[PDB]
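Trainee: Every letter in the sequence shown is one number past the one before it in the working numbering, and letter 44, counting from 1, is 335.
Note that the Cβ used here is the ideal one computed from N, Cα and C, for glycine as well.
Encoded as structure tokens, here's the structure I'll be asking about.
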Amino acid sequence: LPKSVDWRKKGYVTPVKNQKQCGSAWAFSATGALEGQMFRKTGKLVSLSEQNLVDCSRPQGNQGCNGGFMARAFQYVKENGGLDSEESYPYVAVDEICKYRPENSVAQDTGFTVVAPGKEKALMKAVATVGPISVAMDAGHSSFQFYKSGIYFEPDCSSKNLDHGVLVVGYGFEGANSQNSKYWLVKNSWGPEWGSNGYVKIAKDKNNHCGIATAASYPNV
Ligand SMILES: [Cl-]
Ligand SMILES: [Cl-]
Numbered sequence: 292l293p294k295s296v297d298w299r300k301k302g303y304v305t306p307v308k309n310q311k312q313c314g315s316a317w318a319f320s321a322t323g324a325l326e327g328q329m330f331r332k333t334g335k336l337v338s339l340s341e342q343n344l345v346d347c348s349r350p351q352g353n354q355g356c357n358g359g360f361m362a363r364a365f366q367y368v369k370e371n372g373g374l375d376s377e378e379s380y381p382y383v384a385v386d387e388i389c390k391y392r393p394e395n396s397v398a399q400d401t402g403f404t405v406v407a408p409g410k411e412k413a414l415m416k417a418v419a420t421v422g423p424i425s426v427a428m429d430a431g432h433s434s435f436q437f438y439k440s441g442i443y444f445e446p447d448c449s450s451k452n453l454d455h456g457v458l459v460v461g462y463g464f465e466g467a468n469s470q471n472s473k474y475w476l477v478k479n480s481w482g483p484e485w486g487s488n489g490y491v492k493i494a495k496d497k498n499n500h501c502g503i504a505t506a507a508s509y510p511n512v
């Protein structure tokens, strides 16, 4: 596998969005993964609707602004036959009436693939071969809230009890040795002002830190 990967440098990733006061990170992680897979398929980067997921995927088990899971979102897109664009179905950060319109759909998936649970090397392989990957993580720490630079490492992090969905857009390392001071490149949904332009470097090959490889998946387009 490559020593480092960053799909942002290849055009697969939209600018950082902001879920605001709605527990919809699962939806942003899902649209993020879908955006990259659709780009791989068509060469066009089109921002996708998190509000369409929030409003319409309760049947698949999501709970709108009160939480959800990326796999259930990819399941909804499959069963639904489509997903609208961000422009056509804008984000308002509150649970609303499902207004899915097929004519505005710009994405589809046939289901999703799960990364072997808990294996950072499996996640490394998925990231290098597929594109950005949706992952769950333990983000319940002030250290994460006020993260700004460096490789994030939090001793109180859990690899099993997760509360936030994010997007792995690559991986890398500091220095000249590709085999140490490694990190996962993670896109968050708390706006570009949070973290490092909306991103965070999370310690990689440090025992599945914060659960990054516990529940990773990607849509099949
Ligand atoms: Cl999930
Ligand atoms: Cl940057």
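Consult DSSP for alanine 419 and reduce its assignment to one of helix, strand or coil.
Mentor: Here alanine 419 sits in helix by DSSP.
Trainee: Tell me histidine 432's beta-bridge partners as DSSP assigns them.
Mentor: Paired residues: none, contrary to the question.
Trainee: Does at least one heavy atom of ligand 2 sit under 7 Å from the Cβ of residue 260?
Mentor: Absent from the model: residue 260. The displayed extent of the chain is 292 to 512, so no value can be given.
Trainee: Given this structure, state the Cα-to-Cα distance separating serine 295 from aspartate 496, to the nearest angstrom.
Mentor: Taking the straight line from one Cα to the other gives about 14 Å.
Trainee: Considering Cα atoms alone, identify which of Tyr303, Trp475, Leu325, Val421 is closest to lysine 369.
Mentor: For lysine 369, the nearest C-alpha among the options comes from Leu325.
Trainee: Go through the region 425–509 residue by residue and report every complete run of the alpha helix (DSSP H) that reaches 4 residues or more, in order.
Mentor: Fully enclosed alpha helix (DSSP H) runs of 4 or longer: 433–436.
Trainee: Would you call the CB atoms of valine 460 and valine 426 closer than 8 Å?
Mentor: Result no, Cβ atoms of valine 460 and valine 426 do not sit closer than 8 Å.
Trainee: So within the region 298–381, which uninterrupted alpha helix (DSSP H) runs reach at least 4 residues, ignoring any that extend past its ends?
Mentor: You should have 316–333, 341–347, 361–371.
Trainee: Report the rounded CA-to-CA distance for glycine 334 versus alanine 364, giving the unit in angstroms.
Mentor: Cα-Cα distance, rounded: 23 Å.
Trainee: If you run the structure through DSSP and keep just helix, strand and coil, what is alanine 398?
Mentor: Note: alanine 398 maps to strand in three-state DSSP.
Trainee: When you compare only the Cα positions, how much space is there between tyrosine 438 and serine 487?
Mentor: Using only the alpha carbons, I get a separation of about 8 Å.
Trainee: When every heavy atom of ligand 1 is checked, does at least one fall within less than 7 Å of the C-beta of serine 508?
Mentor: For ligand 1, at least one heavy atom lies less than 7 Å from the Cβ of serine 508.
Trainee: Any residue with its Cβ nearer than 5 Å to a heavy atom of ligand 1 should be included. What is that list in chain order?
Mentor: Checking every Cβ against the heavy atoms of ligand 1 under 5 Å gives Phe360, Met361, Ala362.
Trainee: In terms of alpha-carbon separation, which member of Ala413, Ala318, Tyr509, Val491 lies closest to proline 381?
Mentor: Looking at the Cα atoms, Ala318 is the closest of the given residues.
Trainee: Is it right to say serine 508 is buried, meaning 16 or more other beta carbons lie within 10 angstroms of its own, or is it exposed?
Mentor: Looking at its Cβ environment, which holds 16 or more other Cβ atoms inside 10 Å, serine 508 is buried.
Trainee: Who pairs with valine 405 in a beta bridge, going by DSSP?
Mentor: Paired residues: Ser508.
Trainee: Excluding five sequence neighbours on each side, which residues of the same chain lie with their C-beta closer than 8 Å to the C-beta of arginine 392?
Mentor: Answer for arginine 392: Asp375, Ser379, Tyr380, listed in chain order.
Trainee: Using the beta-carbon count (16 or more within 10 Å), is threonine 505 buried or exposed?
Mentor: So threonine 505 counts as buried.
Trainee: Residues in its own chain within less than 7 Å of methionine 428 by CB, not counting five upstream and five downstream?
Mentor: These residues qualify, in order along the chain: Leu453, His455, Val457, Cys501, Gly502, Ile503.
Trainee: Who are the near neighbours of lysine 332 in its chain, counting only those whose CB is closer than 8 Å to its CB and skipping five residues on each side?
Mentor: Answer for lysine 332: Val512, listed in chain order.
Trainee: Using a threshold of 8 Å, state whether the C-beta atoms of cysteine 356 and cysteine 389 are closer than that.
Mentor: No; because the gap between Cβ atoms is not below 8 Å, this pair is not in contact.
Trainee: Does the distance from the CB of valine 307 to the CB of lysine 478 come in under 8 Å?
Mentor: It is a contact, given that the beta carbons lie within the stated cut-off.
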